[PDB]
Each structure stands twice: as structure tokens, then as C-alpha cells.
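Form deposited in one PDB entry, single chain, as C-alpha cells, below.
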């Protein structure tokens, strides 16, 4: 890709025997892009963060509502169904979810790098 991507490592919350993300997603190749307020258009099938739990591990790690998730623990998230995205995010054996995300505001980090 050409866009600026940020690595966001989130240690999942724990509740009993469950691990909780502390954030929610929308999108997927099998979903109607219009159900997702963050899809750029009818052709945008990406996975986007739709909610971020206040004070949770996602918020602390730098995750923002509207962020586009490009990768989850090494797995590409650019062209997957919503269910496939959900699975990569909720692996019980993975206490940490390492996301590669992007947002409009990160693009200037490149300007600043140059001066």
C-alpha cells in the first residue's frame, strides 16, 4: 500500500473465560457497504472500527472510530467477509490482537517526516 499504517497492539480484556476486544467492526466483502458509515463508497468493502470502548485497551493503544483495519495478527483484512474478519479478531488462543490500521490524519506524518 501507499498509505501510512500504524501498528496498534491491543491486549484483550478478560471476562470469565472470554476475551473481549474493547471495540467493534463493520464492513466485509459480503456486506452492504451502506451499512457501514465509514465506507468510502459502494466499492469499499474494507473493515472499519465502528466503536471503541471508553478507557478500554483499544482506546489506550491508539485505535480510533473510523480506522480502517488492514491486517490482524499478520492476516490480511483488505478483502475478507465480515465473519472472517471477526474470526481473526476473536481467536481465543490470542490474548493480544496486533492491528495494522490507517486513517486520513496519519497521512501528514509523512509531510512532517520530510520537514
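Numbering follows the first chain given and starts at 1. Take the two forms, find the largest set of C-alpha atoms that superpose within 1.5 Å, and that set is the rigid core.
**Q** On mean C-alpha B-factor from the PDB entry, just flag whether 19 to 27 or 102 to 110 is the higher one.
**A** The deposited B-factors put 102 to 110 ahead on the C-alpha mean.
**Q** With respect to the recorded C-alpha B factors, which stretch has the higher mean value, 57 to 65 or 71 to 79?
**A** Here the higher of the two C-alpha B-factor means belongs to 71 to 79.
**Q** Would you check the entry's CA temperature factor for residue 115 and let me know if it's in the chain's lowest, middle or highest third?
**A** Highest third of the chain for residue 115's C-alpha B-factor.
**Q** When the modelled residues of the chain are sorted by Cα temperature factor, does residue 1 land in the lowest, middle or highest third?
**A** It belongs to the highest third of the chain when residues are ordered by C-alpha B-factor.
The same protein also exists as the form solved in complex with a partner chain; that form is not shown, yet it is the one meant from here on.
**Q** Any of the heavy atoms of residue 37 lying within 4.5 Å of its partner chain in the deposited bound form?
**A** Residue 37: contacts its partner chain in the deposited bound form.
**Q** Does at least one non-hydrogen atom of residue 100 fall within 4.5 angstroms of its partner chain in the deposited bound form?
**A** Answer no; every heavy atom of residue 100 is more than 4.5 Å from its partner chain in the deposited bound form.
**Q** Would you check, heavy atoms only and a 4.5 Å threshold, whether residue 90 touches its partner chain in the deposited bound form?
**A** Residue-level check for residue 90: yes, a contact with its partner chain.
**Q** Check whether residue 106 has any heavy atom within 4.5 Å of a heavy atom of its partner chain in the deposited bound form, and answer yes or no.
**A** It does not: once its partner chain is placed as it appears in the deposited bound form, residue 106 has no heavy atom within 4.5 Å of it.
**Q** Decide yes or no: are 7, 65 and 68 jointly within 4.5 Å of its partner chain in the deposited bound form, with each residue judged by its heavy atoms?
**A** None of them does, since no heavy atom lies within 4.5 Å of the partner.
**Q** Let me spell it out: fit the two forms on their rigid core, measure each listed C-alpha, and pick the one of 76, 30, 40, 54 that moves 2 Å or more between this form and the one not shown. Which is it?
**A** Once the cores are aligned, the residue moving by 2 Å or more is 40.
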